[PDB]
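S.K.: Sending over a structure as structure tokens; questions will come in a sec.
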There are 2 protein chains.
Amino acid sequence: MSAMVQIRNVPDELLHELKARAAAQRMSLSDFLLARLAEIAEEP
Amino acid sequence: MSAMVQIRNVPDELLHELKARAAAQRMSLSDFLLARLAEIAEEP
């Protein structure tokens with residue numbers, strides 16, 4: 001099973017930087033963030 | 001100025017791992033993920 005996760009108080013500048021990084025990898029913001037969080041969780 | 005981010009279909013296994021990491025650092029999941037998003041955005 002799975003759930004939608006909401007991150008509050010993301011500053012405008014930060015959100016635009018993340019959207020640019022997602023687009024550079026030719027991904028949705030959600031897909032990009034999911035993949036990075038999965039990489040973070042996989043390392044000690 | 002601030003914005004909501006939505007991450008869809010975070011698998012339970014991964015969400016449990018993130019919640020544990022946030023709690024270990026005495027942070028809300030949202031504040032922990034805001035810190036990680038800022039690290040992602042910062043790197044070359």
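In the structure tokens, the first chain shown is A, the next is B, and so on; residue numbers restart at 1 for each chain, and ligands run from 1 in the order shown.
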Please identify all polymer residues within 12 Å of residue 36 (chain B), counting only C-alpha atoms, omitting same-chain residues fewer than 2 positions from it, and present them as a PyMOL selection string.
M.R.: (chain A and resi 7+10+14+18+33-34+36-41) or (chain B and resi 18+21-22+29-34+38-43)
S.K.: With 6 Å as the limit and counting only C-alpha atoms, what residues in chain A lie close to chain B? Please list them as an mmCIF file with C-alpha atoms, in the first residue's frame.
M.R.:
data_model
loop_
_atom_site.group_PDB
_atom_site.id
_atom_site.type_symbol
_atom_site.label_atom_id
_atom_site.label_comp_id
_atom_site.auth_asym_id
_atom_site.auth_seq_id
_atom_site.Cartn_x
_atom_site.Cartn_y
_atom_site.Cartn_z
ATOM 1 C CA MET A 1 0.000 0.000 0.000
ATOM 2 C CA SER A 2 0.987 3.720 -0.365
ATOM 3 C CA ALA A 3 -0.030 7.300 0.614
ATOM 4 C CA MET A 4 0.292 10.871 -0.731
ATOM 5 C CA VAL A 5 2.766 12.918 1.425
ATOM 6 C CA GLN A 6 2.423 16.739 1.773
ATOM 7 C CA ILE A 7 5.423 18.981 2.650
ATOM 8 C CA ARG A 8 4.267 22.362 4.106
ATOM 9 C CA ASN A 9 6.030 25.783 4.015
ATOM 10 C CA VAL A 10 8.147 25.092 0.881
ATOM 11 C CA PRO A 11 9.541 28.561 -0.064
ATOM 12 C CA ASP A 12 8.842 29.746 -3.690
ATOM 13 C CA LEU A 18 13.172 21.485 -7.438
ATOM 14 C CA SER A 30 6.410 14.011 -7.568
#
S.K.: Where in chain A does DSSP assign strand (DSSP E or B), given as a ChimeraX atom specification?
M.R.: /A:2-11
S.K.: Take the residues that were just selected and, keeping N, CA and C atoms, output them as an mmCIF file, in the first residue's frame.
M.R.:
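Final output, saved to part-v1.cif:
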data_model
loop_
_atom_site.group_PDB
_atom_site.id
_atom_site.type_symbol
_atom_site.label_atom_id
_atom_site.label_comp_id
_atom_site.auth_asym_id
_atom_site.auth_seq_id
_atom_site.Cartn_x
_atom_site.Cartn_y
_atom_site.Cartn_z
ATOM 1 N N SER A 2 0.269 2.428 -0.213
ATOM 2 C CA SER A 2 0.987 3.720 -0.365
ATOM 3 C C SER A 2 0.081 4.879 0.052
ATOM 4 N N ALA A 3 0.678 6.057 0.211
ATOM 5 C CA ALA A 3 -0.030 7.300 0.614
ATOM 6 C C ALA A 3 0.654 8.522 0.010
ATOM 7 N N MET A 4 -0.161 9.530 -0.295
ATOM 8 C CA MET A 4 0.292 10.871 -0.731
ATOM 9 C C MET A 4 0.858 11.609 0.479
ATOM 10 N N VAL A 5 2.042 12.224 0.324
ATOM 11 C CA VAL A 5 2.766 12.918 1.425
ATOM 12 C C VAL A 5 2.835 14.389 1.026
ATOM 13 N N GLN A 6 2.491 15.274 1.970
ATOM 14 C CA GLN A 6 2.423 16.739 1.773
ATOM 15 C C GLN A 6 3.503 17.379 2.632
ATOM 16 N N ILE A 7 4.329 18.208 2.002
ATOM 17 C CA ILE A 7 5.423 18.981 2.650
ATOM 18 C C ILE A 7 4.976 20.444 2.643
ATOM 19 N N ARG A 8 4.789 21.001 3.843
ATOM 20 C CA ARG A 8 4.267 22.362 4.106
ATOM 21 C C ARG A 8 5.433 23.347 4.095
ATOM 22 N N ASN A 9 5.112 24.623 3.871
ATOM 23 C CA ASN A 9 6.030 25.783 4.015
ATOM 24 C C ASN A 9 7.255 25.581 3.123
ATOM 25 N N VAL A 10 7.059 25.101 1.893
ATOM 26 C CA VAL A 10 8.147 25.092 0.881
ATOM 27 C C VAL A 10 8.244 26.507 0.310
ATOM 28 N N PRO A 11 9.366 27.224 0.521
ATOM 29 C CA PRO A 11 9.541 28.561 -0.064
ATOM 30 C C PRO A 11 9.524 28.557 -1.607
#
S.K.: How far is it from CA of residue 26 (chain B) to CA of residue 44 (chain A), in Å with one decimal?
M.R.: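 Value for the CA of residue 26 (chain B)-CA of residue 44 (chain A) distance: 18.0 Å.
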S.K.: Check chain A with DSSP on the backbone and list each residue it calls helix (DSSP H, G or I), as a ChimeraX atom specification.
M.R.: /A:12-24,29-42
